[PDB]
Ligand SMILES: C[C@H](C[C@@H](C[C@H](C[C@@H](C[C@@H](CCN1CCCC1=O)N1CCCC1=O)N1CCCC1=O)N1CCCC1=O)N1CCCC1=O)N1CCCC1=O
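A lone chain, given as structure tokens: the form solved without Hexa Vinylpyrrolidone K15.
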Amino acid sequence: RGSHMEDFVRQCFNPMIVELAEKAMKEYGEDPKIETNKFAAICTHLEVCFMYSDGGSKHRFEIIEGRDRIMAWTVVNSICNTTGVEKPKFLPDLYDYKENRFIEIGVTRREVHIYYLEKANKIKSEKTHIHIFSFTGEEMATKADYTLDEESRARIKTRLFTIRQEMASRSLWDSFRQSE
């Protein structure tokens, strides 16, 4: 049962991203062959995380997402004991060595306001920073602190709208937007 959305994900994202997304999905007991919309969402969120960490200086960001869930925690306690930051209940996506906070990245196909609220009520941990990106170019960050400069964020927004267009050109966008 091979879908069009699966082969599009394989062609749209680089192999290191696809491989990390694949291992992550099966690690949590889900199949990219059938949960193909979610497959696209993880690859997208993963690519945004990597683009984000490339937006700062050389070694400003520590990347948590994409790691195996045990090692992703391992680096968190190391960070927590090193900087004295509260250990989050949820696994965050990044750590900003410059701002000394964990970051949760969000990528949404719906309204940016509502998704932040959902992510804020679920986190309930005031320490971690929250940064939401939309497939139409809206971004929302905790305390209106968007961490990176405009150029790095604009690059992420541009790629998101390219992913949207490519899905739409293949009639897969409507299914993707309704799946979230």
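Residue positions are given as counts along the sequence shown, with the first one as 1.
There is another form of this protein, the form solved in complex with Hexa Vinylpyrrolidone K15, and it is not shown here; the text below is about that form.
- Remark: open binding site. Placing Hexa Vinylpyrrolidone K15 in the deposited bound form onto this structure by local C-alpha superposition gives no atom within 2.4 Å of a backbone or C-beta atom.
- The single contact residue among 138, 149, 54, 145, judged by any heavy atom lying within 4.5 Å of Hexa Vinylpyrrolidone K15 in the deposited bound form, is 54.
- Although the partner is absent from the chain shown here, 14, 50 and 63 each have a heavy atom within 4.5 Å of Hexa Vinylpyrrolidone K15 in the deposited bound form.
- Of the heavy atoms in residue 20, some are within 4.5 Å of Hexa Vinylpyrrolidone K15 in the deposited bound form.
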